[PDB]
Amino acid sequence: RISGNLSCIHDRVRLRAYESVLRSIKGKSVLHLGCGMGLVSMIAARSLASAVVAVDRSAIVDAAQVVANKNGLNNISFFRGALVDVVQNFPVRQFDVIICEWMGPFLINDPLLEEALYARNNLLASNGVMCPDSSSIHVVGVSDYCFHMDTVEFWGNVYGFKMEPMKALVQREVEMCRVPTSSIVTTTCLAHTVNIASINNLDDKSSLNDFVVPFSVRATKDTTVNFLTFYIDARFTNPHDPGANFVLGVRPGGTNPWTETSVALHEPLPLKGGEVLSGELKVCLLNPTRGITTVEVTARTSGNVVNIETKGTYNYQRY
């Protein structure tokens, strides 16, 4: 379990971002949902925050508590489990800053959102802020014929046997995996944005944030797009502290704050340089607690090579 947290301590981007937020935190209370190993939680406590309540479900928080105790941090307390099961034990129940990365691969399908919204409605002071507060999704076209060959056509013959049924399982699944730059062959399109203050609660129905948005990208070269890839960014804009704002930006092909997700287009889309790949992204949350999501994608060429439109429904799961 310890090794799984190394990525966090080497995340320079998040560290400088949340450090910019934790400048004005002295004397203010912090609620860190999904604190993980509690590195940012402890940095907030080290920033002389009045109180820091760090919550996560993994056992690492227990080790985090030990570390906190062994570093003289006395204004921080860790809680293991879902927020709903620990609020009753909370020392304080009104916070000035709530740090939570509630954004999923499609903006609305991270289980932590259900907890963020609870903290927004009950545990946030009148003038308190939440960090980050906005998230946009970006679409790009991807051309990886060999990856398709190695994940789909691979099942065409396995040691002499055809495993066609597996191809379905491959194409119905949203692939979370870094996509090489050489495979990015289109511009980027910001399709949708959500803000924590506008996000609807999910305790009654999980669909109150489902969205259908168009998108359009332009091929950067003569190519054939057989994958659509989705990147997530995050923004924090504090009107009271404008300088403390940050952006966990998106850079396809490079280091990103989240691993992009990809969907395999059932029919490749051949494009000329500059040709528009237009489409539509439909995202529906079915289970907030497990992040179960359906992603319906329509994508089409503009006709320079050939008029093609392809549709596909894909399934994503967190737990």
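The first residue of the shown sequence is 1; numbering continues from there.
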Legend entry - Stretch with the higher entry mean CA B-factor, where the candidates are 22-30 and 275-283: 22-30
Inset, instruction - Decide which of the stretches 59-67 and 287-295 has the higher mean C-alpha B-factor, going by the entry. - result: 59-67
Inset, instruction - Would you mind checking which of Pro214, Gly104, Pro239, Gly141 has the top Cα temperature factor in the PDB entry? - result: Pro239
Legend entry - Most elevated Cα B-factor in the entry, residues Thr224, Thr187, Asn127, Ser135: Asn127
Legend entry - Modelled-residue ranking by C-alpha temperature factor, third containing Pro111: lowest
Legend entry - Lowest, middle or highest third - CA B-factor, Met149: lowest
Inset, instruction - Among all modelled residues of this chain, ranked by Cα B factor, put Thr313 in the bottom, middle or top third, i.e. lowest, middle or highest. - result: lowest
Legend entry - Chain-wide C-alpha B factor ranking for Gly36, given as lowest, middle or highest third: lowest
Legend entry - Chain third (lowest, middle, highest) by recorded CA B-factor, residue given as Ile43: highest
